[PDB]
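Presented below is the structure to which this report refers.
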Amino acid sequence: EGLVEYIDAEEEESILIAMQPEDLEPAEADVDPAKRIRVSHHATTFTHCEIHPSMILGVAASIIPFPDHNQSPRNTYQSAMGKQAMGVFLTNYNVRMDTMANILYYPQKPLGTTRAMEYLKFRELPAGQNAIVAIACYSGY
Amino acid sequence: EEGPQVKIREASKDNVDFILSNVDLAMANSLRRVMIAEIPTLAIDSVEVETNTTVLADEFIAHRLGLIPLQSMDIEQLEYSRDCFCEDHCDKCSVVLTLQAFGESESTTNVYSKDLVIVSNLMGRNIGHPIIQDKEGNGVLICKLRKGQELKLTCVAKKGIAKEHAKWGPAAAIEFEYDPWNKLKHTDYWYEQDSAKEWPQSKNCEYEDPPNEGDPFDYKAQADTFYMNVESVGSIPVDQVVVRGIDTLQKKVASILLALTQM
Amino acid sequence: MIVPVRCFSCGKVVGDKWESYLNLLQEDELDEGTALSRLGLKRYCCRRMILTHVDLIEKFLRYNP
Amino acid sequence: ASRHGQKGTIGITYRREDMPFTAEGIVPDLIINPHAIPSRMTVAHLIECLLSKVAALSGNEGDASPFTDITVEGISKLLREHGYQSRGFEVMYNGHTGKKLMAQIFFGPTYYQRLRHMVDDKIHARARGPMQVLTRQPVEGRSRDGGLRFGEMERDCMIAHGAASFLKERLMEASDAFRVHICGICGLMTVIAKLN
Amino acid sequence: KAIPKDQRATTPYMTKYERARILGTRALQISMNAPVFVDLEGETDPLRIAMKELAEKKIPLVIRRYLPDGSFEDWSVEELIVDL
Amino acid sequence: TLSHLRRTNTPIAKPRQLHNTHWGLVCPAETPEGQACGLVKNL
Amino acid sequence: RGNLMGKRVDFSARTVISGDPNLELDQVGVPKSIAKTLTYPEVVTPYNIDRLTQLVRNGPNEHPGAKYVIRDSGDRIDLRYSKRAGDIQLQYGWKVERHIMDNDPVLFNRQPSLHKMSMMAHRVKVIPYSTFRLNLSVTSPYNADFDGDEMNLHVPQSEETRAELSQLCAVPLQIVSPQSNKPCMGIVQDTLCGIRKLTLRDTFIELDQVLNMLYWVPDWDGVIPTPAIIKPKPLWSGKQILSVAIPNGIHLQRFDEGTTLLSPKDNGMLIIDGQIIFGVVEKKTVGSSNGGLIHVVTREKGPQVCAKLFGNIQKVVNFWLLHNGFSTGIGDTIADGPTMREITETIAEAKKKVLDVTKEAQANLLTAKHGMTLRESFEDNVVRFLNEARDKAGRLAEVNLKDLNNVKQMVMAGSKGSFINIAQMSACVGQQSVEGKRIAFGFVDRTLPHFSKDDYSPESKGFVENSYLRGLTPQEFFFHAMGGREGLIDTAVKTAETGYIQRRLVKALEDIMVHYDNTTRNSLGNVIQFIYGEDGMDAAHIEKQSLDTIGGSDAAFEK
Amino acid sequence: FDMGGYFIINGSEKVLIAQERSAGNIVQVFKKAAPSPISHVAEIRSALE
Amino acid sequence: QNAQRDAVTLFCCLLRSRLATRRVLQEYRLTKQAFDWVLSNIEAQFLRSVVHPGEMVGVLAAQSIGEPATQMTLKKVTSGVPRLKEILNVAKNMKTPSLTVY
Amino acid sequence: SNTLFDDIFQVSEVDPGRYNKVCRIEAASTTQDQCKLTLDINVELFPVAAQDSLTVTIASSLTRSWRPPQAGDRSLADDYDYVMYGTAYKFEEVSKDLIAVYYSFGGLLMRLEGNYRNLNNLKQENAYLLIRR
Amino acid sequence: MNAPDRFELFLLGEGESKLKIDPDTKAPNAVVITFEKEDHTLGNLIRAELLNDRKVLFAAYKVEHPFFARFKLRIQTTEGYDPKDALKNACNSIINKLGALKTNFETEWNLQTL
Amino acid sequence: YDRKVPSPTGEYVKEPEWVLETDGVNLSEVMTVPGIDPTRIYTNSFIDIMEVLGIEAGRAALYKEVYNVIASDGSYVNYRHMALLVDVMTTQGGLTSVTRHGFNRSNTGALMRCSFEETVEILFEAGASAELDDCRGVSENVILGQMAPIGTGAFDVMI
RNA sequence: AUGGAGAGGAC
Ligand SMILES: [Mg+2]
Ligand SMILES: [Zn+2]
Ligand SMILES: [Zn+2]
Ligand SMILES: [Zn+2]
């Protein structure tokens with residue numbers, strides 16, 4: 001029905017993309033001091049609009065909560081490390097016979113999530129638990 | 001009576017909420033750890049499996065059985081296996097319970113600590129009955145079995161101490177709090193603009209007088225008066241937690257007194 | 001992979017509260033926070049024990065053998 | 001590891017008693033060091049922990065989606081309605097002692113993952129074992145029960161210290177010491193030592 | 001040749017590598033119950049002995065220092081100053 | 001598994017660098033460290 | 001290279017490593033399982049025979065024990081099997097291969113092994129659990145931490161080889177290293193944080209806790225020092241008790257910025273004999289630094305007593321801290337109301353200034369800085385306007401964090417963090433850059449396809465106007481991701497080039513030693529230096545001192 | 001939850017890994033060195049697939 | 001004997017300036033018995049500070065330049081590791097050749 | 001055992017220089033024109049207003065480890081409001097006719113300046129400064 | 001795998017005695033009692049108590065490494081009062097407060113509802 | 001550039017000067033220019049310094065540049081080490097780099113050079129030139145499994 | 001056993 005289009009890097013070169021459906025194009029207008037600073041519309045000669053900025057990340061990074069408040073290299077380090085996090089790898093582990101299978105006893109859908117986790121089935125097949133954790137100098141161990 | 005003082009503000013089957021006047025901070029705390037970790041209890045500490053054609057793995061189930069709160073009231077007349085002169089276990093030092101469940105129904109069949117069955121000889125003691133606080137009278141969900149599945153095992157519950165495994169804690173959480181408006185400056189509060197408006201007042205601020213800007217700091221003050229609340233998990237009724245708590249602390253303070261004499 | 005027989009951190013029995021928590025959610029419509037409260041799951045550590053829980057065993061039973 | 005590149009391994013385990021405790025009886029499953037926070041600017045961690053706490057109390061599901069109008073201030077108001085101090089902190093008590101902690105501690109649920117890389121799969125030790133045939137040196141690998149390389153770089157270290165008998169011993173009585181017979185004329189190992 | 005006892009050029013002091021090696025060497029002799037030359041005062045450790053034997057100048061070994069060219073001077077452990 | 005099924009490899013002037021045109025096709029964060037950094041990419 | 005210059009070897013072990021506030025400096029915690037495998041031959045001798053026959057009775061798998069007794073013939077009685085593990089008379093002269101034990105010297109190592117300090121002799125302490133354990137202060141020469149690093153351990157097999165270790169290689173005798181003529185180990189993290197905490201002029205300790213701390217230092221003479229305060233209630237001062245850890249005749253004096261023998265800011269440092277007179281104790285003193293405590297104590301009282309010093313300073317500080325506590329939260333990334341509005345209006349006056357230049361440069365009234373493009377001048381001016389923006393906005397946020405601010409308390413102690421860490425967490429993260437320039441046009445004339453062509457303005461080109469606290473936007477995210485990948489690459493690439501530089505330097509200097517004539521030579525007896533280092537000295541025994549014949553008026557010199 | 005996309009070869013599950021190359025049949029110009037004679041080059045990889 | 005007087009110059013320069021008469025008596029009023037110690041020390045402490053023949057002083061230099069080269073990572077000149085790759089390579093065409101004129 | 005200096009002072013400056021327990025205090029003797037004092041007081045134990053007027057003394061007296069006290073049962077040598085135990089670390093001629101001594105009471109510092117003073121303050125291990133009222 | 005059994009926290013080993021009493025060499029009339037199989041639960045409670053006894057010049061305890069359930073009490077007393085008595089008394093005192101704390105709690109409890 | 005220099009009265013004072021900085025190097029000819037101080041001129045190219053003002057000033061400037069790398073980076077390595085390297089490059093007579101080109105040329109025993117870079121070609125014409133080997137090289141004794149003449153091994157022990 | 005590949009740990 002021509003509401004969505006597929007664009008490769010070469011055609012991406014010829015179009016102007018809005019980043020957020022609403023915000024980025026109703027007409028023309030106070031604020032919240034907590035909210036990160038944005039820019040605007042400017043240039044209003046769009047051809048296309050982002051489906052959703054959080055879609056620029058792939059699978060492993062899609063797990064990181066608030067990645068947009070982390071120094072990049074960390075988001076990378078957690079990407080290497082999310083892949084080596086025990087939990088249920090498939091529901092049928094009892095009937096497989098793999099060399100090496102690690103299954104976490106009591107998996108737990110994380111308390112802070114990501115809209116993208118939805119499509120990654122992270123909440124159904126989690127790998128990690130929710131430890132009540134404390135930042136403190138204690139015994140020094 | 002004479003020394004250290006108790007006032008109970010609230011009391012249930014599961015929670016005693018008290019105030020403890022006229023005591024050292026050392027005693028008030030030491031009592032709290034004893035309650036957490038040194039009052040003896042009964043828990044499954046050995047499971048012999050005979051079938052488990054269940055979705056869950058043998059030692060995983062064994063593990064859950066350990067955590068299941070078993071009646072430990074008359075516990076002081078059960079012995080420690082390690083002490084008792086039998087080989088392995090006996091009726092003097094262990095309660096044995098049995099489990100069988102087979103899924104018969106199309107609908108998923110459950111297995112509850114209700115379904116556990118004392119089989120050794122209790123001989124009068126009030127011990128080993130799995131605790132059930134559940135509304136429909138089936139406490140804890142050991143596991144589920146589908147139509148064909150079967151689980152057939154045998155537990156030996158033994159006398160144990162939270163120090164050795166947290167399964168033996170009569171425990172649950174123990175709230176603890178003194179000097180509710182820092183009249184002792186035992187903390188120093190973190191603030192952005194206002195200590196007082198940003199930290200919230202504890203419930204126990206109805207029980208003490210506020211300090212008045214118009215005053216200078218009381219440097220003689222010591223911590224008295226400690227607002228506790230002990231929650232029991234059931235293997236012992238709350239009153240007994242705090243009493244066996246005090247009983248044990250005294251017991252192992254005693255052995256020190258005794259040991260001076262021996263040596 | 002079945003309700004924890006016991007909240008980790010603190011020790012409260014939360015094993016018997018699963019069944020019932022499902023009923024508060026679905027059968028009389030309540031919302032998770034409310035449903036948790038009625039179970040006496042008051043301090044937030046035993047309060048995550050249940051809300052974060054995932055019952056994989058309901059998937060595990062699906063396999064025949 | 002939390003979910004923000006804060007790896008770290010265990011150093012000790014303390015029981016509930018010895019652990020520091022919230023006034024309501026709560027005790028942590030886990031203590032990380034505040035020194036892991038400032039150099040690594042890993043603020044998501046700090047937010048997920050605070051977000052995570054309201055979710056738990058409120059029974060909702062904290063949304064930490066990337067580009068959203070969810071805000072450390074707005075989480076803090078929510079946490080404040082829940083009766084707790086709006087920035088994470090809670091007064092806590094040392095467990096050895098019952099005495100208040102002077103400082104207040106940032107306390108909260110935070111998703112933590114357990115990684116492969118547990119010690120009893122790394123732990124290895126060898127006091128002589130099996131050798132390769134070609135070099136008559138030790139075999140490689142813990143799975144084969146082998147020795148560890150004394151690398152050129154470690155050889156330099158011993159040279160620098162000036163520990164010569166040790167650099168010798170490491171390269172003879174460990175590893176591949178061997179006795180041969182030389183001709184005092186031509187100088188090769190040509191000799192046919194019909195020893196004995 | 002050799003190189004004469006008057007006109008030795010090198011430190012009268014004992015280098016740390018000399019020490020280490022003397023103590024090492026005596027501890028190796030002692031460990032094999034070759035005879036012990038001082039008053040072992042409880043001290044049962046072969047190396048901890050050699051240290052006491054050295055602090056008492058009763059170690060009868062001699063140090064042959066090679067100069068780069070092949071010359072060399074002998075000093076006795078008896079005569080070297082042990083500061084350090 | 002999910003990650004591994006969606007991987008990229010590049011053999012052998014500035015290839016490891018995250019290039020503007022990666023926007024929205026390749027993940028800006030998920031790549032390995034060392035060795036393979038910027039050459040192994042994830043969709 | 002891989003078989004002669006470097007062999008795989010016997011008597012070795014590897015595991016995970018973790019830290020231990022209660023090991024001595026020069027100790028190494030060795031798992032009882034590893035302890036049980038690695039061996040040392042001991043000759044049988046009237047001095048050890050009772051301990052040795054006894055270790056054989058234990059046999060090969062009950063800790064202090066042994067496997068293998070070796071005979072006259074030199075045959076191999078194997079104590080795990082062998083019908084006569086139970087018998088066994090021990091003729092003088094048979095070796096017994098006993099387990100490793102407490103105070104055996106072993107050689108400890110973390111790779112890559114970049115300096116002599118990367119392999120050191122520790123004293124074994126056999127302990128439960130499967131990690132090795134070291135003091136935190138032996139952390140840096142190893143360049144270790146406990147996020148999963150692993151370390152090796154090599155056990156010496158002869159009497160002289162353990163001699164060589166405890167006499168040449170021992171951790172104490174490495175504290176002050178020739179590399180930089182300074183200590184290479186100091187007080188770090190918790191201890192360094194809390195020692196500054198302990199010494200504030202506000203930090204007073206009262207009796208109970210004073211006698212506990214006092215008891216914790218084991219060299220303690222059993223003499224309570226007289227409290228600074230007696231008056232209404234005997235208080236002691238943080239400074240006071242910590243001074244129990246510090247030896248006698250240790251003199252040290254400093255002077256920082258304010259400092260004036262009244263140190264109105266508790267600045268600097270004065271330690272008149274083993275007692276600290278004035279000043280907050282932090283990194284400049286107790287860190288691994290040039291003029292500091294650890295330098296002085298080592299030189300002044302001997303490595304032994306200094307090695308022991310680390311121990312004492314931690315046992316006390318670590319204790320005091322366990323009972324003070326300390327922590328960080330998002331609390332300390334929040335700058336003020338008012339401070340936020342300034343940060344925003346600073347940033348904006350930089351945005352509105354880069355505009356003016358871009359306006360002017362386009363209009364053709366910008367002049368070239370001598371010898372460079374018009375366009376080069378523009379970029380240079382813009383990156384300065386935006387770097388100073390980020391600094392001014394940072395420094396503005398640093399001024400508003402209180403003394404009770406945890407991030408700010410770590411900075412002061414010197415335990416972690418720095419201005420830029422504060423800057424980027426609270427104020428503004430700043431300009432993303434790749435290859436020395438701000439973000440390029442990857443597409444024709446734009447940077448992402450959400451911009452129009454030919455747009456050089458802050459945001460378009462990589463300015464992350466936001467803080468980590470407030471959070472990066474989509475564009476900003478990607479950009480900051482670009483800049484980070486550059487750093488990840490040439491961190492992976494740095495270690496490769498350096499790993500080589502090194503190998504060459506070493507292989508090229510390999511055989512240069514100092515011969516018995518103080519001449520510096522090599523395998524050819526070729527002269528490199530006539531007197532080593534020009535002065536004949538060893539770099540460990542050298543300290544910065546001022547030659548004050550050299551400055552000042554001709555008048556004040558004669559005076 | 002298994003997603004497919006892989007093969008199974010002698011029991012073992014394999015994933016083919018996407019391989020990156022330059023496009024063929026595309027014309028690119030490249031400035032070249034300065035210790036060089038050939039100063040610009042326009043080049044084309046000619047693919048038929 | 002000249003190499004010896006050379007080697008020791010810079011240290012004496014210091015010694016002579018610290019142990020000069022006005023100063024000994026005036027700044028830090030030493031007594032005869034204390035002074036004789038202050039000498040006795042200096043000579044011992046000095047002797048202790050001589051480098052020990054045996055010191056593989058080569059390896060020690062490579063590592064001492066090598067190691068901090070490894071803590072190097074990031075407007076004119078080529079600096080850091082790439083500069084150090086050049087210096088040790090006696091690179092014929094360095095990336096930033098430059099004159100400094102006075 | 002004995003007194004080593006006495007005088008009455010009038011406070012002229014309180015300073016909570018970013019502390020909440022200590023205060024650098026400035027004062028002048030109400031007798032001697034050639035005389036000032038600066039001192040670190042624990043203002044949370046013995047609170048001090050400006051324009052206060054404190055009696056100040058140095059004893060040396062009424063070392064064996066500090067036995068916990070029983071003082072109106074012992075010899076309190078005080079009946080003063082506020083009493084510290086410090087060390088002397090420098091003796092500085094402001095020249096003339098003008099001598100100042102420096103004291104550290106575990107880091108709470110004090111600098112006193114006068115002239116006849118000297119003839120009584122030895123270079124010593126000493127000094128319990130006492131205050132009252 | 002290298003973990004020590006948990007019971008070694010509270011059972012005594014091969015001829016471990018419960019207390020060891022040693023003459024402290026540093027100062028006179030002072031003793032260092034080692035308590036095998038205890039921790040803060042006890043060592044803090046005795047320290048705190050020894051400090052109310054006014055013929056006690058010094059009392060402090062310390063758990064030297066936490067892998068191990070063992071602490072040390074160092075005690076010093078006024079000449080004429082042997083250290084052990086100082087502890088002996090200190091223990092009974094504790095027991096009596098606890099004996100009181102017990103009955104005082106009961107009579108309170110026997111008065112409640114729910 | 002700022003500059004410290006003795007004052008008319010003794011005290012070192014800040015007395016700043018105008019300095020000139022170049023893209024590119026021609027030392028041979030810029031020093032011969034009128035108007036400047038040919039006594040104090042510098043290039044980072046130490047390879048020209050060596051050509052123009054000879055080997056000793058080359059050494060001095062090769063160090064100046066090595067030092068400047070460590071220092072620019074914040075760090076400080078003691079002078080004796082950087083001197084030793086610099087002196088080792090500098091004693092053959094010209095600049096002798098740290099590669100198979102530089103140091104690994106120099107008639108030091110064959111086994112020693114063979115342990116770096118060009119293993120076999122070194123050992124080949126070591127066979128065809130029929131070389132003798134000292135065996136004083138640390139790394140030859142590594143190979144032979146003997147005690148290196150290295151601290152501890154630098155002398156001998158006797159009776 | 002040998003020989004090769006790939007993933008991954010620490011800087
Ligand atoms: Mg690491
Ligand atoms: Zn029995
Ligand atoms: Zn809980
Ligand atoms: Zn022959």
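Each chain in the structure tokens gets a letter, A, B and so on, in the order shown; residues start at 1 in every chain, and ligands are counted from 1 in the order they appear.
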Quick one: DSSP helix (DSSP H, G or I) residues in chain C, as an MDAnalysis selection string?
-> chainID C and resid 15:26 32:38 44:51 57:60
Write out as a list in words each polymer residue whose atoms come within 8 Å of residue 171 in chain G, counting only C-alpha atoms (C1' of nucleotides); drop sequence neighbours fewer than 6 positions from it.
-> residues 25, 26, 120, 121 and 122 of chain G
With N, CA and C atoms retained, could you export that selection as a CSV table (one decimal), in the first residue's frame?
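Listed below is the output, out.csv:
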chain,number,residue,atom,x,y,z
G,25,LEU,N,51.8,-7.8,52.2
G,25,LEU,CA,52.2,-7.3,50.9
G,25,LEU,C,52.8,-8.5,50.1
G,26,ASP,N,53.9,-9.0,50.7
G,26,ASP,CA,54.7,-10.0,50.0
G,26,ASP,C,54.1,-11.4,50.2
G,120,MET,N,57.8,-11.6,40.7
G,120,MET,CA,58.3,-11.3,42.0
G,120,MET,C,58.1,-12.5,42.9
G,121,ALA,N,59.0,-12.6,43.9
G,121,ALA,CA,58.9,-13.7,44.8
G,121,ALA,C,57.9,-13.3,45.9
G,122,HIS,N,56.8,-14.0,46.0
G,122,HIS,CA,55.9,-13.9,47.2
G,122,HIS,C,56.2,-15.1,48.2
Grab me every residue within 9 Å of ligand 3, counting only C-alpha atoms (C1' of nucleotides) and all ligand atoms, and send it over as a PyMOL selection string.
-> (chain B and resi 172-173) or (chain C and resi 6-14+41-49) or (chain D and resi 25-27)
Generate the output file for the selected residues, C-alpha atoms, as a PDB file, in the first residue's frame.
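Result file is part27.pdb:
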ATOM      1  CA  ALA B 172      12.989 -14.256  57.337  1.00  0.00           C
ATOM      2  CA  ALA B 173      13.760 -10.503  57.528  1.00  0.00           C
TER       3      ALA B 173
ATOM      4  CA  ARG C   6      12.192 -19.124  49.113  1.00  0.00           C
ATOM      5  CA  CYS C   7      13.108 -15.482  48.285  1.00  0.00           C
ATOM      6  CA  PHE C   8      16.890 -15.335  47.962  1.00  0.00           C
ATOM      7  CA  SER C   9      18.170 -12.231  49.738  1.00  0.00           C
ATOM      8  CA  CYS C  10      15.845 -12.369  52.803  1.00  0.00           C
ATOM      9  CA  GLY C  11      14.352 -15.863  53.241  1.00  0.00           C
ATOM     10  CA  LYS C  12      10.572 -15.435  53.175  1.00  0.00           C
ATOM     11  CA  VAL C  13       8.682 -18.454  51.767  1.00  0.00           C
ATOM     12  CA  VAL C  14       7.490 -17.415  48.333  1.00  0.00           C
ATOM     13  CA  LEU C  41       4.995  -9.794  49.706  1.00  0.00           C
ATOM     14  CA  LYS C  42       5.817  -6.459  51.220  1.00  0.00           C
ATOM     15  CA  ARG C  43       9.534  -5.814  51.146  1.00  0.00           C
ATOM     16  CA  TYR C  44      10.750  -5.304  47.567  1.00  0.00           C
ATOM     17  CA  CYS C  45      13.274  -8.165  47.607  1.00  0.00           C
ATOM     18  CA  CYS C  46      10.660 -10.883  48.056  1.00  0.00           C
ATOM     19  CA  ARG C  47       8.582  -8.556  45.869  1.00  0.00           C
ATOM     20  CA  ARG C  48      10.898  -9.122  42.786  1.00  0.00           C
ATOM     21  CA  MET C  49      11.235 -12.768  43.629  1.00  0.00           C
TER      22      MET C  49
ATOM     23  CA  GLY D  25      15.694  -6.066  57.150  1.00  0.00           C
ATOM     24  CA  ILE D  26      16.882  -6.122  53.501  1.00  0.00           C
ATOM     25  CA  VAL D  27      20.447  -7.302  52.873  1.00  0.00           C
TER      26      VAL D  27
END
Let me have all residues with an atom within 6 Å of ligand 1, counting only C-alpha atoms (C1' of nucleotides) and all ligand atoms, laid out as a VMD selection string.
-> (chain G and resid 145 147 149) or (chain M and resid 10)
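Selection of all polymer residues within 9 Å of ligand 4 on the basis of only C-alpha atoms (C1' of nucleotides) and all ligand atoms gives residues 182, 183, 184, 185, 186, 187, 188, 189, 190 and 191 of chain D.
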Can you spit out the residues from that selection as an mmCIF file, in the first residue's frame, using N, CA, C and O atoms?
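Produced file part_28.cif, reproduced below:
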data_model
loop_
_atom_site.group_PDB
_atom_site.id
_atom_site.type_symbol
_atom_site.label_atom_id
_atom_site.label_comp_id
_atom_site.auth_asym_id
_atom_site.auth_seq_id
_atom_site.Cartn_x
_atom_site.Cartn_y
_atom_site.Cartn_z
ATOM 1 N N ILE D 182 79.982 -35.712 23.108
ATOM 2 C CA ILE D 182 80.613 -34.961 22.039
ATOM 3 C C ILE D 182 81.998 -35.505 21.777
ATOM 4 O O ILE D 182 82.680 -35.949 22.707
ATOM 5 N N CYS D 183 82.426 -35.442 20.518
ATOM 6 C CA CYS D 183 83.834 -35.680 20.178
ATOM 7 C C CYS D 183 84.706 -34.443 20.466
ATOM 8 O O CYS D 183 84.409 -33.340 20.000
ATOM 9 N N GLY D 184 85.782 -34.635 21.227
ATOM 10 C CA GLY D 184 86.746 -33.567 21.482
ATOM 11 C C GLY D 184 87.517 -33.098 20.250
ATOM 12 O O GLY D 184 88.230 -32.094 20.312
ATOM 13 N N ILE D 185 87.388 -33.831 19.139
ATOM 14 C CA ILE D 185 88.018 -33.465 17.858
ATOM 15 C C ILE D 185 86.990 -32.708 16.995
ATOM 16 O O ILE D 185 87.011 -31.480 16.965
ATOM 17 N N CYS D 186 86.085 -33.428 16.324
ATOM 18 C CA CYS D 186 85.218 -32.793 15.334
ATOM 19 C C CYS D 186 84.186 -31.873 15.963
ATOM 20 O O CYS D 186 83.863 -30.820 15.400
ATOM 21 N N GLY D 187 83.692 -32.259 17.139
ATOM 22 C CA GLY D 187 82.851 -31.381 17.973
ATOM 23 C C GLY D 187 81.349 -31.590 17.884
ATOM 24 O O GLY D 187 80.578 -30.814 18.443
ATOM 25 N N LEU D 188 80.943 -32.638 17.175
ATOM 26 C CA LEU D 188 79.536 -32.964 16.996
ATOM 27 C C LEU D 188 79.163 -34.083 17.960
ATOM 28 O O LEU D 188 80.051 -34.723 18.550
ATOM 29 N N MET D 189 77.856 -34.313 18.117
ATOM 30 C CA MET D 189 77.355 -35.479 18.846
ATOM 31 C C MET D 189 77.337 -36.653 17.885
ATOM 32 O O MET D 189 76.272 -37.061 17.412
ATOM 33 N N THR D 190 78.522 -37.180 17.585
ATOM 34 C CA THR D 190 78.649 -38.293 16.666
ATOM 35 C C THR D 190 78.905 -39.565 17.454
ATOM 36 O O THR D 190 78.533 -40.666 17.020
ATOM 37 N N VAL D 191 79.506 -39.384 18.627
ATOM 38 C CA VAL D 191 79.931 -40.476 19.494
ATOM 39 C C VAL D 191 78.896 -41.606 19.637
ATOM 40 O O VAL D 191 77.691 -41.385 19.638
#
Best match for closeness to residue 12 in chain F among F:42, F:36, F:24, F:29, counting only C-alpha atoms | F:36
Could you give me, as a ChimeraX atom specification, the residues within 12 Å of range 35-44 of chain H, counting only C-alpha atoms (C1' of nucleotides) and dropping anything in the same chain fewer than 5 positions from it?
-> /H:22-30
Please provide the set of residues having any atom within 10 Å of residue 21 in chain A, restricted to only C-alpha atoms (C1' of nucleotides), with same-chain residues fewer than 2 positions apart removed, written as a VMD selection string.
-> chain A and resid 18 to 19 23 to 26 48 to 52
For ligand 2, collect every residue having any atom at a distance of at most 6 Å from a ligand atom (counting only C-alpha atoms (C1' of nucleotides) and all ligand atoms); output as a ChimeraX atom specification.
-> /B:81,84-86,89-90,92-93
Can you write out the residues you just picked, keeping N, CA and C atoms, as a PDB file, in the first residue's frame?
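See result-v5.pdb below for the written result:
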ATOM      1  N   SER B  81      22.529 -35.610  64.234  1.00  0.00           N
ATOM      2  CA  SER B  81      23.017 -36.846  63.636  1.00  0.00           C
ATOM      3  C   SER B  81      24.473 -37.159  63.976  1.00  0.00           C
ATOM      4  N   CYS B  84      24.459 -38.227  67.718  1.00  0.00           N
ATOM      5  CA  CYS B  84      23.725 -39.461  67.991  1.00  0.00           C
ATOM      6  C   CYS B  84      24.527 -40.695  67.648  1.00  0.00           C
ATOM      7  N   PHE B  85      24.432 -41.724  68.488  1.00  0.00           N
ATOM      8  CA  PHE B  85      25.221 -42.954  68.328  1.00  0.00           C
ATOM      9  C   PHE B  85      24.788 -43.981  67.304  1.00  0.00           C
ATOM     10  N   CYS B  86      23.619 -43.832  66.692  1.00  0.00           N
ATOM     11  CA  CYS B  86      23.178 -44.666  65.561  1.00  0.00           C
ATOM     12  C   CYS B  86      24.174 -44.579  64.437  1.00  0.00           C
ATOM     13  N   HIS B  89      21.322 -42.436  60.409  1.00  0.00           N
ATOM     14  CA  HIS B  89      20.225 -41.740  61.081  1.00  0.00           C
ATOM     15  C   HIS B  89      19.270 -42.621  61.886  1.00  0.00           C
ATOM     16  N   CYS B  90      18.555 -42.033  62.823  1.00  0.00           N
ATOM     17  CA  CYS B  90      17.504 -42.785  63.447  1.00  0.00           C
ATOM     18  C   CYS B  90      16.370 -41.886  63.926  1.00  0.00           C
ATOM     19  N   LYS B  92      15.714 -40.988  66.881  1.00  0.00           N
ATOM     20  CA  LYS B  92      16.201 -40.032  67.894  1.00  0.00           C
ATOM     21  C   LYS B  92      16.733 -38.730  67.297  1.00  0.00           C
ATOM     22  N   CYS B  93      17.098 -38.760  66.008  1.00  0.00           N
ATOM     23  CA  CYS B  93      17.885 -37.697  65.385  1.00  0.00           C
ATOM     24  C   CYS B  93      17.524 -37.321  63.945  1.00  0.00           C
TER      25      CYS B  93
END
Would you kindly report the residues of chain E within 7 Å of chain L, using only C-alpha atoms, as a list in words?
->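 Per the criterion, chain E yields residues 17, 18, 21, 60, 61, 62, 63, 64, 65 and 66 of chain E.
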